[PDB]
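Contents: one structure, followed by commentary.
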Amino acid sequence: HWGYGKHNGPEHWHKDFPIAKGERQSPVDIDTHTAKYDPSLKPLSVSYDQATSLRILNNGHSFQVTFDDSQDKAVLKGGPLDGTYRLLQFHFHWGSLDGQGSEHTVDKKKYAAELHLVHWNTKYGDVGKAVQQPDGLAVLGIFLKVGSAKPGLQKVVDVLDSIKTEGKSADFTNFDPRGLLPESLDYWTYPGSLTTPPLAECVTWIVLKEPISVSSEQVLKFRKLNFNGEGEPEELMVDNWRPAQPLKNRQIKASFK
Ligand SMILES: [Zn+2]
């Protein structure tokens, strides 16, 4: 079954999911000098004031904070998007060391980690239907670098002890994802895919230019998580990132000059 190791990692995924070699796969390298400023792009609208978090969960490939998406509470709109996208969950990708971990790269630069806030288009009714559409999902990608602590992340970090292994989950209510956003909403955008199986080509990517800083102690707690279930040989959940994929016939647009 798929993972990030030598024998089941990204280089193997195409066997079960042939779309892995498709025309709009993610992540990609963002070449900042080739990305064109698009004055027709709208500002991003990130409306998270009424977000209702539910649970935090180790799913064997990341940890995930899930939200109540049964109403328009926390929504993404504007930017390159048409219509309304509901926040379902967020998760992270990170490295074994600070010099790798992000999925997107910027001029080949790898960040220590990458946050993905996953939203689905309300015109398709549920996320299962949305992932079967070219404009079904919008994922907001935020880079993490190591420096000063991110206060808004600490409540997440402090509960990771309770979900060490695959399949563990905990109540995680009243978490405010606004505390994970950088100051600027300047972004790059391109059409792409889920970066984990099934790798469905259903995502409008919105990747913020400004990283957030997290502390070494915060990211160290990420690295104590396990891929494995309880009672199995301990394998640290680290380097759970897919590398950059061919850009092919796509253009990355910038919201900023
Ligand atoms: Zn992700």
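Residue indices begin at 1 and follow the sequence shown. Both backbone and side-chain heavy atoms feed into the values below; hydrogens, waters and symmetry mates do not.
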Query raised in the report: Hey, are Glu103 and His93 close enough side-chain-wise for a donor-acceptor pair under 3.5 Å?
Result: yes

Query raised in the report: Rounded to the nearest 0.5 Å, what separation is found between the CG atom of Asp161 and the NZ atom of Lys224?
Result: 5.0 Å

Requested in this report: Report yes or no: do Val139 and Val46 belong to one cluster of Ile/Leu/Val/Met/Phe/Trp/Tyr joined by side chain heavy-atom distances under 4.5 Å?
Outcome: no

Query raised in the report: What heavy-atom pair brings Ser193 and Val203 nearest, and what distance separates the two atoms?
Result: C-CG2, 3.6 Å

Requested in this report: Verify, without hydrogens or angle tests, whether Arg86 (side chain) and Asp69 (backbone) share a donor-acceptor contact under 3.5 angstrom.
Outcome: yes

**Report entry** Spatial distance of atom CZ (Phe92) from atom CG (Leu153) [nearest 0.5 Å]
**Finding:** 5.0 Å

**Report entry** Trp205 and its side-chain contact (heavy atoms from CB on, under 4.5 Å) partner, picked from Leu137, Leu140, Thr195
**Finding:** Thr195

Query - Sidechain-backbone polar pair: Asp176 side chain, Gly179 backbone, donor-acceptor under 3.5 Å - result: no

Query raised in the report: Looking at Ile252 and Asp29, what are the two nearest heavy atoms and their distance?
Result: CD1-O, 3.8 Å

Query raised in the report: Hey, are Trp2 and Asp16 close enough side-chain-wise for a donor-acceptor pair under 3.5 Å?
Result: no

**Report entry** Interatomic spacing from CG in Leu54 to OG in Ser70 - rounded to 0.5 Å
**Finding:** 8.5 Å

Query raised in the report: Taking all non-hydrogen atoms of both residues, which atom of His91 and which atom of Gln64 are closest, and how far apart?
Result: CB-CA, 4.2 Å

Report task. Flag the pair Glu234 / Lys164 as yes when at least one side-chain heavy-atom distance between them is below 4.5 Å, and no otherwise. Result -> yes

Query raised in the report: Taking atom types as modelled, is there a side-chain donor on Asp107 or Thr32 under 3.5 Å from an acceptor on the other?
Result: yes

Requested in this report: Determine, stepwise, if the pair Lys168 / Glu230 fulfils salt bridge (charged side-chain N to carboxylate O under 4.0 Å, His left out).
Outcome: CA-CA 9 Å; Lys168 289 191 162 306; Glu230 202 179 356; 3.7 Å; yes

Report task. Return yes if a side-chain donor-acceptor contact under 3.5 Å exists between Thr52 and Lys73, otherwise no. Result -> yes

Query - Approximate separation, where rounding is to 0.5 Å, of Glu166 CD and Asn59 CG - result: 8.0 Å

Report summary line: Smallest heavy-atom separation, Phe143 atom then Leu208 atom, equals CD1-O, 3.7 Å

Query raised in the report: Hey, is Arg223 close enough to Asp98 for a salt bridge, meaning N to O under 4.0 Å?
Result: yes

Requested in this report: Identify the heavy atoms of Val131 and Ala200 that sit nearest to each other, and give their distance.
Outcome: O-CB, 3.6 Å

Report summary line: When rounded to the nearest 0.5 Å, the distance separating CG of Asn121 from OG1 of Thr204 is 8.5 Å

Query - From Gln245, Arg242, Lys248, residue fulfilling side chain to side chain donor-acceptor pair (under 3.5 Å) relative to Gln25 - result: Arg242

Query raised in the report: Could you give the distance from OG1 (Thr105) to CD (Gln100), rounded to the nearest 0.5 Å?
Result: 12.5 Å

Query raised in the report: So among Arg24, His104, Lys253, which one has a side chain to side chain donor-acceptor pair (under 3.5 Å) with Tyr190?
Result: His104

Query raised in the report: Which pairs count as ring pair (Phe, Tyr, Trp, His ring centres under 6.0 Å) when at least one residue sits in residues 227-257, sequence neighbours excluded?
Result: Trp188-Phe256

Report summary line: All heavy atoms of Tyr4 vs all of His61, minimum pair found to be CE1-CB, 3.9 Å

Report summary line: Exactly one candidate in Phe63, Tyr48, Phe172, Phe175 meets ring-ring contact (aromatic ring centres under 6.0 Å, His included) with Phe90; the answer is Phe175

Query raised in the report: In this structure, are over 12 heavy atoms from other groups packed under 6.0 Å from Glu210 atom CD?
Result: yes

Query raised in the report: Within the side chain of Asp68, is there an N or O that forms a donor-acceptor pair under 3.5 Å with the backbone of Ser53?
Result: no

Query raised in the report: Do the non-hydrogen side-chain atoms of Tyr85 and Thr122 ever get within less than 4.5 Å of each other?
Result: no

Query - Check: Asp135/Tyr124 side-chain N/O donor and acceptor closer than 3.5 Å - result: yes

